[PDB]
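The data below hold one chain only, encoded as structure tokens and taken in the form solved without this ligand.
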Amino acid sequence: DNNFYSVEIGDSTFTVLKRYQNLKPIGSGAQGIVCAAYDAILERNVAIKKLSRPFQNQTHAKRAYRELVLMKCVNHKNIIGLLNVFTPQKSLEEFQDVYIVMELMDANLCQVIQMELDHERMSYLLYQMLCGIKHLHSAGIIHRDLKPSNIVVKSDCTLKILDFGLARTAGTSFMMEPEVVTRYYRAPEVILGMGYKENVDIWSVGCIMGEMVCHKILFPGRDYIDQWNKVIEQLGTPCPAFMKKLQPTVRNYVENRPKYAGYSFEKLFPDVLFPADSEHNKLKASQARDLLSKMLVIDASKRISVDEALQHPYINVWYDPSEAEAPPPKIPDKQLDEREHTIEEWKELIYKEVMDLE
């Protein structure tokens, strides 16, 4: 009975500080079990995430470390706030788990996808979402796992991005356990194994906004490969200038696919599905559809960027330099340490981080 008690959260066993009370699970993901909680010292509910297996491998390790570093160095009104982080193990030798405590919002975008919105709320939610992503991109940091359950909102219409384990700098798209990223939101470049730059996130934004308008997942898709069938059936078979960029092995498969003309953005997104129109020229379904048509673009070199997305008539009515141009986050260099160390050496960096972060 020291400073931590434990509890049976569903299937796992959270061993946590006494200031955290009530627990109750709320999210079981590919990178951690998260619970709601009441923090007596702070007197407001909080969210606790046990990093599920931080060391069964170099891949989980660097993902854990990155979440840690990032949750500490990247602050913005649209980025989940890091409240506390600790471990109930007493020595680097005993060291085994990591607990991340952060802000608890009211709901998921999955929840927002289940309601009718008006042009102000929809336009505004996207703007906040783009301001958060823009903050990451200003540091060259790409999210890579943007989806409806990683975007959270409060009852006062505020939004924060969350989850940075998969976050990292541009380059090759070859990731381990790609099963970690939900497929309905994988960008063409992630699917076909091409390279990826910051606007790979904008394709997710597009998938998401599309789901908000339609309420049904945009590119369903029964498996990793069928995901591609779904995109081209809706968007059209890409041009030859883009096939020429594919890896020899992949390019050949892509060229043997059936040819699709794709559908127009108004068959794809008829007005009825967009918020009711008023007499305004910005917050109009056509401006919103125009923005979609600039994100749901396969060839990523013709896709819109986060800056052009904040400039767009449909989003721009809320533009405020303080949010959209906030000075960039700065990271110590620990991330610049994108080097591969051994499971042990990882245990080392992690333990440190946790200690000097508690």
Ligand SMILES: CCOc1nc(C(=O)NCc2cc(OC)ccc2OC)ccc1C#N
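Counting begins at 1, following the sequence as shown.
One more form of this protein exists, namely the form deposited with this ligand bound; it is left out here, but the text below deals with it.
S.K.: Select from the listed residues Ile26, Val69, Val297, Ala326 the one whose heavy atoms reach within 4.5 Å of this ligand in the entry with it bound.
M.R.: None of the other options qualify; the answer is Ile26.
S.K.: Report the residue, out of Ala61, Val34, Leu310, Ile304, that has at least one non-hydrogen atom within 4.5 angstroms of this ligand in the entry with it bound.
M.R.: Checked against the cut-off, the match is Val34.
S.K.: Within 4.5 Å of this ligand in the entry with it bound: all of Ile79, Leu82 and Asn84, by heavy atom?
M.R.: Judged in the entry with it bound, none of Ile79, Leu82 and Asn84 sits within 4.5 Å of this ligand.
S.K.: For the chain seen here without its partner, which of 258-266, 277-285, 134-142, 95-103 has a heavy atom within 4.5 Å of this ligand in the entry with it bound?
M.R.: Going through the listed ranges, the match is 95-103.
S.K.: Does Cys239 make contact with this ligand in the entry with it bound, using a 4.5 Å heavy atom cut-off?
M.R.: Close contact is absent here: in the entry with it bound, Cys239 is far from this ligand, nothing within 4.5 Å, heavy atoms only.
S.K.: Is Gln89 close enough to this ligand in the entry with it bound to count, meaning some heavy atom within 4.5 Å?
M.R.: Result no; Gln89 lies far from this ligand in the entry with it bound.
S.K.: With a cut-off of 4.5 Å between heavy atoms, is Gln234 one of the residues that contacts this ligand in the entry with it bound?
M.R.: Contact with this ligand, no.
S.K.: Taking this ligand as it sits in the entry with it bound, is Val213 near enough to touch it, meaning that at least one heavy atom pair lies within 4.5 angstroms?
M.R.: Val213 lies outside the contact set for this ligand.
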